[PDB]
Amino acid sequence: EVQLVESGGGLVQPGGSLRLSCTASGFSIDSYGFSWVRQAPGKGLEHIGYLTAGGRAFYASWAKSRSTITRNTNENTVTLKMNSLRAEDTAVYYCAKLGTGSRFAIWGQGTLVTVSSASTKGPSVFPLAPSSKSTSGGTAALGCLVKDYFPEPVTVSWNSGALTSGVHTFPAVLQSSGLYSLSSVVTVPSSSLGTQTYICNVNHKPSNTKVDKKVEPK
Amino acid sequence: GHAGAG
Amino acid sequence: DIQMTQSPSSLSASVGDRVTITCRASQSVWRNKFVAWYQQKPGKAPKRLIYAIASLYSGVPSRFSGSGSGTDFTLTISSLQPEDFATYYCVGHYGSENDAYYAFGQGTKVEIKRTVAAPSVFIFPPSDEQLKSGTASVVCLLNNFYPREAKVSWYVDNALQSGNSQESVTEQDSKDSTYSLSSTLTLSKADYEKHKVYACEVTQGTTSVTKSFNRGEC
């Protein structure tokens, strides 16, 4: 019955602004006070501001100068606007009634806002080829290097999902160039490098690019 | 019951 | 400003163990009562387990319990279960009759304890496909090891590298509770072909394992 649908965001240039809204369903937005929260990649939760049920907005000391939280009773929405954004403002932003002292708690699904001057581009997928002769007791390690893409995220599967055992897709790192790069590896029996085909399927929806790369031995 | 309600 | 701290930041426990996570706010929370405990797992949104210090929400196992007052609060898991390994945050409400604020603790990551396990180390030279681009990515794979803490060092012709590598580690494996790490050394094509010996050293306690390859030698 009850939901909080978040929308907006995506890419923002340094110095630009973000605008995120959340539409309440199954209840009235004026009945409760709602917070805005963000979580940078691999970091903790951070409170931005709070719009009381009475319609008064209050902000964390760090976000007050740039943030504006409003609501639209006609559309049943709550909105966050932040200008003068910087690289460190890249994060997954959430709308939520945190419910610290009441029974009702609800969060939006969250949306990634990437603050960067980089241009959207698909990844260059290079092979991490295994040597035909194993030097690790009969086991072979192979993978694909998904390098120089922007923005997040990319998904990686192996043999169209048929190969999952032993797969390790590592979190991406932000390179000094502003582009992302991650690796996806899998360990297999070295005896299967001649009989079995190994293809990594990399999907980068932000650029509408899907790359399949056959990784061959030696 | 929350803060900021006067 | 308002700040909340949790102790510990990370802890390793086994199934059946009793876990206690503390949380202190720099000032008394709203009504000495508005504190909730959240649970977040990798790639998922936070989930509220406890509100108003000790109130358990519908569907939360009774092994979770909350206690405290004013500035100090404690999360207790009587018997740690597999689904409980995650990051826990305390979030407190603050303010007056004229303002309102929230704050999060830094989070406490509960990981599963297991036996020490050395990594199977693999080193991948830059693919010829990539070397055409003018950049060389040397990748070192630490596969399925424990504990997470590991010191990875790169050597090029036995010269310690610094500032030209980035690291990424996976979350604890669902099956064997191990970690894997991917370190990428980035060099220009010119510098890569100016050297011969490439080595990735993995130090864990009293053991250092170094995997090597010589450029050009299959």
# chains A, B, ... in the order shown; residues from 1 in each chain; ligands from 1

call {"tool": "residues_around", "arguments": {"residues": "residue 178 in chain A", "least_positions_apart": "6", "cutoff": "10 Å", "atoms": "only C-alpha atoms", "output": "list in words"}}
result
residues 116, 117, 118, 119, 148, 149, 150 and 151 of chain A

call {"tool": "write_last_selection", "arguments": {"atoms": "C-alpha atoms", "output": "mmCIF file, in the first residue's frame"}}
result
data_model
loop_
_atom_site.group_PDB
_atom_site.id
_atom_site.type_symbol
_atom_site.label_atom_id
_atom_site.label_comp_id
_atom_site.auth_asym_id
_atom_site.auth_seq_id
_atom_site.Cartn_x
_atom_site.Cartn_y
_atom_site.Cartn_z
ATOM 1 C CA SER A 116 32.018 15.108 -12.427
ATOM 2 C CA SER A 117 33.058 16.782 -15.664
ATOM 3 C CA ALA A 118 33.703 13.440 -17.382
ATOM 4 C CA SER A 119 31.679 12.460 -20.446
ATOM 5 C CA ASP A 148 37.824 3.678 -18.651
ATOM 6 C CA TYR A 149 34.052 3.966 -18.373
ATOM 7 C CA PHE A 150 31.825 6.648 -16.894
ATOM 8 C CA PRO A 151 29.560 6.847 -14.943
#

call {"tool": "residues_around", "arguments": {"residues": "range 43-60 of chain A", "least_positions_apart": "2", "cutoff": "9 Å", "atoms": "only C-alpha atoms", "output": "short mmCIF file (atom, residue, chain, number, x, y, z; two decimals) with N, CA, C and O atoms, in the first residue's frame"}}
result
data_model
loop_
_atom_site.label_atom_id
_atom_site.label_comp_id
_atom_site.auth_asym_id
_atom_site.auth_seq_id
_atom_site.Cartn_x
_atom_site.Cartn_y
_atom_site.Cartn_z
N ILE A 29 1.82 13.41 2.26
CA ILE A 29 3.17 13.89 2.54
C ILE A 29 3.18 14.88 3.70
O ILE A 29 4.21 15.05 4.36
N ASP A 30 2.06 15.56 3.96
CA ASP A 30 1.97 16.51 5.07
C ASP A 30 1.81 15.83 6.42
O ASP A 30 1.93 16.51 7.45
N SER A 31 1.53 14.53 6.46
CA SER A 31 1.28 13.86 7.73
C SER A 31 2.54 13.63 8.54
O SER A 31 2.45 13.44 9.76
N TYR A 32 3.72 13.66 7.91
CA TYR A 32 4.96 13.33 8.59
C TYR A 32 6.07 14.26 8.13
O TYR A 32 5.97 14.92 7.09
N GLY A 33 7.15 14.29 8.91
CA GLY A 33 8.36 14.98 8.51
C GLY A 33 9.32 14.00 7.84
O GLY A 33 9.43 12.84 8.24
N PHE A 34 10.03 14.50 6.82
CA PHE A 34 10.88 13.65 5.99
C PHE A 34 12.28 14.22 5.91
O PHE A 34 12.47 15.44 5.80
N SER A 35 13.26 13.33 5.96
CA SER A 35 14.67 13.68 5.86
C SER A 35 15.20 13.36 4.47
O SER A 35 14.58 12.63 3.69
N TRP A 36 16.34 13.95 4.15
CA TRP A 36 17.13 13.58 2.98
C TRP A 36 18.49 13.11 3.45
O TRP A 36 19.14 13.79 4.26
N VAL A 37 18.91 11.95 2.96
CA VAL A 37 20.14 11.30 3.40
C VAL A 37 20.93 10.89 2.16
O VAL A 37 20.36 10.63 1.10
N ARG A 38 22.25 10.83 2.30
CA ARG A 38 23.11 10.39 1.21
C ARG A 38 24.16 9.44 1.76
O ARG A 38 24.47 9.44 2.95
N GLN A 39 24.71 8.63 0.86
CA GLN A 39 25.77 7.68 1.19
C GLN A 39 26.74 7.64 0.02
O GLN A 39 26.41 7.13 -1.05
N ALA A 40 27.93 8.21 0.22
CA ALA A 40 28.95 8.15 -0.81
C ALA A 40 29.39 6.70 -1.01
O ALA A 40 29.22 5.86 -0.12
N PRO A 41 29.96 6.38 -2.17
CA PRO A 41 30.39 5.00 -2.42
C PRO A 41 31.31 4.46 -1.34
O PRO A 41 32.36 5.04 -1.06
N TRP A 62 26.70 21.36 7.48
CA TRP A 62 27.50 21.28 6.26
C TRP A 62 26.68 21.51 4.99
O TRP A 62 27.25 21.90 3.97
N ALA A 63 25.37 21.26 5.03
CA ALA A 63 24.53 21.34 3.84
C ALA A 63 23.65 22.58 3.80
O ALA A 63 22.99 22.81 2.78
N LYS A 64 23.64 23.39 4.86
CA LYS A 64 22.67 24.47 4.95
C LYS A 64 22.88 25.51 3.86
O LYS A 64 21.91 26.05 3.32
N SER A 65 24.13 25.82 3.52
CA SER A 65 24.40 26.90 2.58
C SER A 65 23.99 26.56 1.16
O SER A 65 23.78 27.48 0.36
N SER A 67 21.61 23.71 0.33
CA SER A 67 20.48 22.79 0.23
C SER A 67 19.16 23.51 0.47
O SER A 67 19.08 24.43 1.29
N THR A 68 18.13 23.07 -0.25
CA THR A 68 16.77 23.57 -0.07
C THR A 68 15.82 22.39 -0.17
O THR A 68 15.77 21.71 -1.20
N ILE A 69 15.07 22.14 0.90
CA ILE A 69 14.11 21.04 0.96
C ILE A 69 12.70 21.63 1.02
O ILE A 69 12.40 22.43 1.92
N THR A 70 11.85 21.23 0.08
CA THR A 70 10.49 21.73 -0.02
C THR A 70 9.54 20.54 -0.17
O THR A 70 9.96 19.39 -0.26
N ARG A 71 8.24 20.84 -0.19
CA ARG A 71 7.22 19.82 -0.43
C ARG A 71 6.09 20.43 -1.23
O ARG A 71 5.86 21.65 -1.21
N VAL A 78 8.06 15.47 -1.87
CA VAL A 78 9.09 16.21 -1.15
C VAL A 78 10.31 16.28 -2.05
O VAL A 78 10.63 15.31 -2.75
N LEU A 80 14.45 17.84 -2.86
CA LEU A 80 15.75 18.32 -2.40
C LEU A 80 16.46 19.01 -3.56
O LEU A 80 16.53 18.46 -4.67
N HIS B 2 7.84 14.80 17.23
CA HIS B 2 9.19 15.08 16.80
C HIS B 2 9.54 16.52 17.13
O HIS B 2 8.73 17.37 17.50
N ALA B 3 10.84 16.81 17.00
CA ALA B 3 11.37 18.13 17.29
C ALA B 3 10.95 19.15 16.25
O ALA B 3 10.41 18.80 15.19
N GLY B 4 11.19 20.43 16.54
CA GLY B 4 10.88 21.49 15.61
C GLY B 4 9.40 21.73 15.38
O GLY B 4 9.03 22.34 14.37
N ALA B 5 8.55 21.26 16.29
CA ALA B 5 7.11 21.44 16.17
C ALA B 5 6.57 22.54 17.08
O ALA B 5 5.35 22.69 17.19
N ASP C 1 28.74 20.92 15.84
CA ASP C 1 27.50 20.25 15.36
C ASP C 1 27.15 19.08 16.27
O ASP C 1 27.71 18.94 17.36
N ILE C 2 26.20 18.25 15.83
CA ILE C 2 25.82 17.04 16.54
C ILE C 2 26.56 15.87 15.90
O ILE C 2 26.59 15.75 14.67
N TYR C 89 23.91 0.90 11.86
CA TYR C 89 24.01 2.33 12.14
C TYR C 89 23.02 2.71 13.22
O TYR C 89 21.88 2.24 13.22
N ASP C 99 13.77 23.84 16.12
CA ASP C 99 14.64 23.24 15.12
C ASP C 99 14.68 21.74 15.32
O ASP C 99 14.30 21.22 16.38
N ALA C 100 15.13 21.03 14.29
CA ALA C 100 15.16 19.58 14.30
C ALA C 100 16.32 19.09 13.44
O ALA C 100 16.55 19.63 12.35
N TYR C 101 17.03 18.08 13.93
CA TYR C 101 18.18 17.54 13.22
C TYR C 101 18.26 16.04 13.45
O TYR C 101 17.70 15.50 14.41
N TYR C 102 18.97 15.37 12.54
CA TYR C 102 19.31 13.96 12.68
C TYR C 102 20.81 13.79 12.49
O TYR C 102 21.48 14.64 11.91
N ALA C 103 21.32 12.67 12.98
CA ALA C 103 22.73 12.33 12.81
C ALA C 103 22.87 10.81 12.83
O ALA C 103 22.10 10.11 13.48
N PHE C 104 23.86 10.32 12.09
CA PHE C 104 24.18 8.90 12.02
C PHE C 104 25.52 8.63 12.69
O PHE C 104 26.43 9.46 12.65
N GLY C 105 25.62 7.46 13.32
CA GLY C 105 26.92 6.95 13.68
C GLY C 105 27.70 6.56 12.44
O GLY C 105 27.17 6.50 11.33
N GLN C 106 29.00 6.29 12.63
CA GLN C 106 29.83 5.96 11.47
C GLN C 106 29.56 4.56 10.94
O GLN C 106 30.05 4.23 9.85
N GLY C 107 28.80 3.75 11.66
CA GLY C 107 28.50 2.40 11.22
C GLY C 107 29.44 1.39 11.85
O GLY C 107 30.62 1.65 12.10
#

call {"tool": "interface_residues", "arguments": {"of": "chain C", "to": "chain B", "cutoff": "7 Å", "atoms": "only C-alpha atoms", "output": "PyMOL selection string"}}
result
chain C and resi 30+94-100

call {"tool": "write_last_selection", "arguments": {"atoms": "N, CA, C and O atoms", "output": "short mmCIF file (atom, residue, chain, number, x, y, z; two decimals), in the first residue's frame"}}
result
data_model
loop_
_atom_site.label_atom_id
_atom_site.label_comp_id
_atom_site.auth_asym_id
_atom_site.auth_seq_id
_atom_site.Cartn_x
_atom_site.Cartn_y
_atom_site.Cartn_z
N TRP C 30 16.51 13.72 21.18
CA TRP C 30 15.19 14.28 21.40
C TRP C 30 14.38 13.41 22.34
O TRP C 30 14.22 12.21 22.10
N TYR C 94 17.43 15.07 17.04
CA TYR C 94 17.81 16.15 17.94
C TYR C 94 17.04 17.40 17.56
O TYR C 94 16.40 17.47 16.50
N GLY C 95 17.10 18.40 18.43
CA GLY C 95 16.55 19.70 18.13
C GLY C 95 15.87 20.29 19.35
O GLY C 95 16.10 19.87 20.48
N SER C 96 15.03 21.29 19.09
CA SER C 96 14.31 22.01 20.13
C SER C 96 12.84 22.05 19.73
O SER C 96 12.35 21.23 18.94
N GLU C 97 12.11 23.02 20.28
CA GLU C 97 10.78 23.33 19.77
C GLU C 97 10.84 24.13 18.47
O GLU C 97 9.82 24.26 17.80
N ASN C 98 12.02 24.63 18.11
CA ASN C 98 12.18 25.52 16.97
C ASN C 98 13.10 24.97 15.89
O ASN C 98 13.21 25.58 14.82
N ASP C 99 13.77 23.84 16.12
CA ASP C 99 14.64 23.24 15.12
C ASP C 99 14.68 21.74 15.32
O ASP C 99 14.30 21.22 16.38
N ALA C 100 15.13 21.03 14.29
CA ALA C 100 15.16 19.58 14.30
C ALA C 100 16.32 19.09 13.44
O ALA C 100 16.55 19.63 12.35
#

call {"tool": "atom_distance", "arguments": {"atom1": "CA of residue 143 in chain C", "atom2": "CA of residue 188 in chain A"}}
result
12.2 Å

call {"tool": "interface_residues", "arguments": {"of": "chain A", "to": "chain C", "cutoff": "8 Å", "atoms": "only C-alpha atoms", "output": "MDAnalysis selection string"}}
result
chainID A and resid 44:47 49:50 52 58:61 99:103 105 109:110 126:131 136 141 168:173 183 218

call {"tool": "write_last_selection", "arguments": {"atoms": "N, CA, C and O atoms", "output": "short mmCIF file (atom, residue, chain, number, x, y, z; two decimals), in the first residue's frame"}}
result
data_model
loop_
_atom_site.label_atom_id
_atom_site.label_comp_id
_atom_site.auth_asym_id
_atom_site.auth_seq_id
_atom_site.Cartn_x
_atom_site.Cartn_y
_atom_site.Cartn_z
N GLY A 44 29.69 5.83 4.98
CA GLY A 44 28.54 5.74 5.86
C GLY A 44 27.41 6.65 5.44
O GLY A 44 27.48 7.39 4.46
N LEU A 45 26.33 6.59 6.22
CA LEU A 45 25.16 7.41 5.98
C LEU A 45 25.37 8.81 6.53
O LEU A 45 26.02 9.01 7.57
N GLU A 46 24.82 9.80 5.82
CA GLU A 46 25.01 11.20 6.16
C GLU A 46 23.68 11.92 6.01
O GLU A 46 23.04 11.83 4.96
N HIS A 47 23.28 12.64 7.05
CA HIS A 47 22.02 13.38 7.02
C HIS A 47 22.22 14.74 6.37
O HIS A 47 23.21 15.44 6.63
N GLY A 49 19.16 17.10 5.55
CA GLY A 49 18.21 18.02 6.16
C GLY A 49 16.92 17.30 6.49
O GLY A 49 16.74 16.12 6.20
N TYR A 50 16.00 18.05 7.10
CA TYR A 50 14.74 17.50 7.58
C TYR A 50 13.64 18.53 7.40
O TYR A 50 13.79 19.69 7.80
N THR A 52 10.03 19.19 8.66
CA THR A 52 9.07 18.78 9.67
C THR A 52 7.68 18.61 9.05
O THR A 52 7.40 19.10 7.95
N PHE A 58 15.04 22.23 8.15
CA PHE A 58 16.27 22.44 8.90
C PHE A 58 17.34 21.53 8.32
O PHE A 58 17.05 20.40 7.90
N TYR A 59 18.57 22.03 8.28
CA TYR A 59 19.65 21.39 7.55
C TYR A 59 20.83 21.13 8.46
O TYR A 59 21.06 21.84 9.44
N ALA A 60 21.59 20.09 8.12
CA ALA A 60 22.88 19.88 8.76
C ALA A 60 23.80 21.06 8.47
O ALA A 60 23.71 21.70 7.42
N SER A 61 24.69 21.35 9.42
CA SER A 61 25.55 22.52 9.29
C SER A 61 26.29 22.53 7.96
O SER A 61 26.48 23.59 7.36
N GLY A 99 12.08 7.57 11.27
CA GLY A 99 11.38 6.85 12.32
C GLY A 99 12.26 6.52 13.51
O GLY A 99 12.38 5.35 13.89
N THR A 100 12.89 7.54 14.10
CA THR A 100 13.75 7.32 15.25
C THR A 100 12.96 7.18 16.55
O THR A 100 13.49 6.61 17.52
N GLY A 101 11.73 7.68 16.60
CA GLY A 101 10.93 7.62 17.81
C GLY A 101 9.47 7.33 17.54
O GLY A 101 8.63 7.45 18.44
N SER A 102 9.15 6.95 16.31
CA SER A 102 7.79 6.61 15.91
C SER A 102 7.81 5.30 15.15
O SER A 102 8.87 4.80 14.75
N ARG A 103 6.62 4.73 14.93
CA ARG A 103 6.53 3.41 14.33
C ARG A 103 6.67 3.45 12.81
O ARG A 103 7.11 2.46 12.22
N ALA A 105 8.29 4.18 9.41
CA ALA A 105 9.56 4.47 8.75
C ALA A 105 9.45 4.03 7.30
O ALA A 105 8.83 3.00 7.00
N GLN A 109 13.99 4.42 -2.83
CA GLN A 109 14.93 3.40 -3.27
C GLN A 109 16.35 3.93 -3.39
O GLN A 109 17.30 3.14 -3.39
N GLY A 110 16.53 5.25 -3.49
CA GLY A 110 17.85 5.83 -3.63
C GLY A 110 18.23 6.04 -5.08
O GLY A 110 17.87 5.23 -5.94
N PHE A 126 39.36 -5.48 -21.69
CA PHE A 126 40.57 -6.20 -22.07
C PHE A 126 40.63 -7.55 -21.35
O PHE A 126 40.12 -7.69 -20.24
N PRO A 127 41.25 -8.55 -21.97
CA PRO A 127 41.30 -9.87 -21.34
C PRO A 127 42.39 -9.97 -20.28
O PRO A 127 43.47 -9.41 -20.42
N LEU A 128 42.06 -10.67 -19.20
CA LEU A 128 43.06 -11.14 -18.24
C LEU A 128 43.27 -12.62 -18.55
O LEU A 128 42.63 -13.50 -17.97
N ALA A 129 44.15 -12.87 -19.51
CA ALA A 129 44.27 -14.20 -20.09
C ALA A 129 45.01 -15.14 -19.14
O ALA A 129 45.99 -14.74 -18.52
N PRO A 130 44.56 -16.39 -19.02
CA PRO A 130 45.31 -17.38 -18.26
C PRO A 130 46.38 -18.05 -19.10
O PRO A 130 46.25 -18.24 -20.31
N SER A 131 47.47 -18.42 -18.43
CA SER A 131 48.52 -19.20 -19.07
C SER A 131 48.07 -20.65 -19.20
O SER A 131 47.51 -21.22 -18.26
N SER A 136 49.65 -22.90 -10.38
CA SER A 136 48.89 -22.80 -9.14
C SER A 136 48.16 -24.11 -8.86
O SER A 136 46.98 -24.11 -8.50
N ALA A 141 43.36 -18.85 -13.35
CA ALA A 141 42.65 -17.62 -13.06
C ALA A 141 42.56 -16.78 -14.33
O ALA A 141 43.58 -16.54 -14.99
N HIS A 168 34.57 -13.44 -9.10
CA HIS A 168 34.77 -12.29 -8.22
C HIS A 168 34.78 -11.04 -9.07
O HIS A 168 35.75 -10.78 -9.80
N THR A 169 33.71 -10.26 -9.00
CA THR A 169 33.63 -8.95 -9.64
C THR A 169 33.95 -7.89 -8.59
O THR A 169 33.20 -7.71 -7.63
N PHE A 170 35.05 -7.20 -8.77
CA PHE A 170 35.54 -6.29 -7.75
C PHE A 170 34.89 -4.92 -7.87
O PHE A 170 34.54 -4.48 -8.98
N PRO A 171 34.72 -4.21 -6.76
CA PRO A 171 34.25 -2.82 -6.84
C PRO A 171 35.16 -1.98 -7.71
O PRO A 171 36.38 -2.15 -7.72
N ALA A 172 34.55 -1.06 -8.46
CA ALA A 172 35.32 -0.19 -9.33
C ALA A 172 36.09 0.84 -8.52
O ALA A 172 35.69 1.21 -7.41
N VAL A 173 37.21 1.29 -9.07
CA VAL A 173 37.99 2.38 -8.52
C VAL A 173 37.89 3.56 -9.48
O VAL A 173 37.80 3.39 -10.70
N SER A 183 37.70 -4.94 -12.27
CA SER A 183 38.09 -6.24 -12.78
C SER A 183 37.06 -7.28 -12.36
O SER A 183 36.41 -7.15 -11.32
N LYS A 218 46.82 -18.56 -22.82
CA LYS A 218 48.14 -18.11 -23.25
C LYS A 218 48.15 -16.61 -23.52
O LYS A 218 48.52 -15.82 -22.65
#

call {"tool": "select_by_dssp", "arguments": {"residues": "range 4-199 of chain A", "states": "strand (DSSP E or B)", "output": "ChimeraX atom specification"}}
result
/A:4-8,11-12,18-25,34-39,45-51,57-59,67-72,77-82,91-97,106-107,111-115,121,124-128,139-150,155-158,167-169,173-174,180-189,199

call {"tool": "atom_distance", "arguments": {"atom1": "CA of residue 92 in chain A", "atom2": "CA of residue 146 in chain C"}}
result
29.7 Å

call {"tool": "residues_around", "arguments": {"residues": "residue 111 in chain A", "least_positions_apart": "2", "cutoff": "12 Å", "atoms": "only C-alpha atoms", "output": "NGL selection string"}}
result
(:A and (5-11 or 18-22 or 36-40 or 90-95 or 107-109 or 113-114 or 152-153)) or (:C and (45))

call {"tool": "atom_distance", "arguments": {"atom1": "CA of residue 213 in chain A", "atom2": "CA of residue 120 in chain A"}}
result
20.8 Å

call {"tool": "select_by_dssp", "arguments": {"residues": "range 9-217 of chain C", "states": "alpha helix (DSSP H)", "output": "NGL selection string"}}
result
:C and (128-131 or 189-193)

call {"tool": "residues_around", "arguments": {"residues": "residue 16 in chain A", "least_positions_apart": "2", "cutoff": "7 Å", "atoms": "only C-alpha atoms", "output": "PyMOL selection string"}}
result
chain A and resi 12-14+83-85
